[PDB]
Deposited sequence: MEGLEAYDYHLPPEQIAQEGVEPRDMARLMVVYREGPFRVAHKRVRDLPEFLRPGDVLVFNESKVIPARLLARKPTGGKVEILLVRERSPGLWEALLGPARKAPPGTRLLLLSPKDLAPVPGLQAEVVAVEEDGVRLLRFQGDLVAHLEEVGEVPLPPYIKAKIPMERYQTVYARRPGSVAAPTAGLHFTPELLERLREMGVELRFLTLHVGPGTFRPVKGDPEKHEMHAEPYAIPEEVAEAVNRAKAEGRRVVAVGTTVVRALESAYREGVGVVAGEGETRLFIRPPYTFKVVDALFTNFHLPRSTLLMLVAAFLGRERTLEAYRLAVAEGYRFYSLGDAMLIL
């Protein structure tokens, strides 16, 4: 058993190499946690049919956390380096034309980090090129990609709340399960708790949202606003305290993501639905189709 309990045959061909356009034309398998095994073979654009006014749809929007770096040109001039994204390529700070700089140890001794170097290349592209191994201390498709401005508007029009929490990404988060740093806005925490108090559904869009909401839950309080971090491995058995429904991609065999879905939908029912998805020609992974568990 072990990892074999979450295994299934996934034809390599069904792992989407490109997304569908419009994005909400991707297929959507609707499966239920309770009652008899039953699914609806739809498209993401059909989501409104399965939601209702008052449902709270929670998404994650990645927020980049730049890195505060201190350098020094070989000549002697200081220069700040706000490493933003592209790994370690995009940044901006201070003057000094396109030249070369030496990475200086923050605390250590403010001395030149061995081998750590960089040189200003182009400008406003996708503005610097570093060398050596970066110092620790100092873009990726997800379930949300399936939504279009149109789908979002249709959801608003039917009274579905659209709430967004923040997943922190970028150089400013580096430290080295994969820890997940996040932030939940006050209005979001408040909206989720009021919905629960009123018996309204909290619908998670993606497992990142699931992990953040469940990690932010406090007994006697509900979900707390603010920053947080979670390295919790959600897997069977697990009782969800916040998430009432889940919109998520089709995950790879033996993946921890599949394990999280298994905890929400049930391991056996999850494997059954996945086998059906395979047999029905669904596309898998990041650019593939989606699943809605109600």
Revision key, fill the gap. Taking the deposited sequence from residue 1, the uncovered stretches are 1, 89-94, 134-143, 156-180, 219-227
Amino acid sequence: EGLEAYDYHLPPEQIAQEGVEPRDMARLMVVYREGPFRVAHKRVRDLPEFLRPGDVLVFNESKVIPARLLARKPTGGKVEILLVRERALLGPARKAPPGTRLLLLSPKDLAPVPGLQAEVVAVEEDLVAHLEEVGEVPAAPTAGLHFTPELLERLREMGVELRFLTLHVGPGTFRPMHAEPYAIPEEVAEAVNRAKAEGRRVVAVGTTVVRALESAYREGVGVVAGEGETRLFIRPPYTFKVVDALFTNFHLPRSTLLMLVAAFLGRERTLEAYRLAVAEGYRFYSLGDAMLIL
From here on, numbers count along this sequence of modelled residues.
Practice item. Could you settle it for me: does 76-84 or 151-159 have the higher average Cα B factor in the PDB entry? Key: 76-84
Practice item. Mind pulling up the entry and telling me whether 268-276 or 13-21 has the higher mean Cα temperature factor? Key: 13-21
Exercise for review: Could you tell me which one of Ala197, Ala191, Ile184, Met177 shows the highest CA temperature factor in the PDB record?
Suggested key: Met177
Review point. When you compare the CA B-factors of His146, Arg218, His168, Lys108 as listed in the entry, which one comes out on top?
Key: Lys108
Study note, to complete from the structure: Temperature factor at the Cα of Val31, chain-ranked in thirds, falls in the lowest
Review point. Within this chain, which third does the Cα B-factor at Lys241 fall in: lowest, middle or highest?
Key: lowest
**Study point:** Record-listed C-alpha B factor of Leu69: chain third
**Key:** highest
Exercise for review: Within this chain's modelled residues, let me know which third the CA B factor of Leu287 belongs to: lowest, middle or highest.
Suggested key: middle
